[PDB]
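Here you get one chain, nothing else, as structure tokens; it is the form solved without ajmaline.
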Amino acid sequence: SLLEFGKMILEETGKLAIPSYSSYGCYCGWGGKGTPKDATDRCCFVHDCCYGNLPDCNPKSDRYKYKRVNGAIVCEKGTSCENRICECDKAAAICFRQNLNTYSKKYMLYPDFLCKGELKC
């Protein structure tokens, strides 16, 4: 769920999910279209695609458990939707950490009309 996702992001980046990653680019947070603006926005796009592979799960409200083993994120065993949701989020958080150096404030609150395009998962 969002709860877990938000806390993973903070632990990983030292940034709060809202609002550093909830209105960024074309996909972070409220996506649907266009070309992702940078590496961080691409993390969000792949994250959307990851969720997109679980039609019958509810990644926003279904809660899972994970633990840190030294720095590593380890998803604990829950239902099959939970395991798979956690793997999607874990990847997004690492992707965020990896591109933290190009994170740009120019992309916060990015306007909808500039998200245009077509990009298939």
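C-alpha atoms forming the largest set that superposes within 1.5 Å between two forms make up the rigid core. Numbers follow the displayed sequence, beginning with 1.
K.L.:
Report the stretch with the higher root mean square CA deviation, pooled over structures and residues in 8 other deposited structures of this protein, choosing between 4 to 12 and 112 to 120 after a rigid core fit.
P.N.:
Stretch with the larger root mean square C-alpha distance in 8 other deposited structures of this protein: 112 to 120.
K.L.:
Between 23 to 31 and 86 to 94, report the one with more C-alpha displacement in 8 other deposited structures of this protein relative to this form after a rigid core superposition.
P.N.:
Of 23 to 31 and 86 to 94, the stretch deviating more in 8 other deposited structures of this protein is 23 to 31.
K.L.:
Read off the CA B-factors in the entry, average them over 63 to 71 and over 82 to 90, and name the higher stretch.
P.N.:
It is 63 to 71.
K.L.:
May I ask you to compare 54 to 62 and 40 to 48 by their mean CA B factor in the entry and name the higher one?
P.N.:
Result: 54 to 62.
K.L.:
Place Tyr27 in the lowest, middle or highest third of its chain's C-alpha B-factors, as listed in the PDB entry.
P.N.:
Ranked within chain, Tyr27 CA B lands in the middle tercile.
The following text describes the form solved in complex with ajmaline, which does not appear among the structures shown.
K.L.:
So in the bound PDB entry, does any heavy atom of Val74 sit within 4.5 Å of ajmaline?
P.N.:
No, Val74 sits far enough from ajmaline in the bound PDB entry that none of its heavy atoms falls within 4.5 Å.
K.L.:
Is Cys49 near ajmaline? Define near as a heavy atom within 4.5 Å, in the bound PDB entry.
P.N.:
Although ajmaline is absent here, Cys49 would touch it in the bound PDB entry, with heavy atoms inside 4.5 Å.
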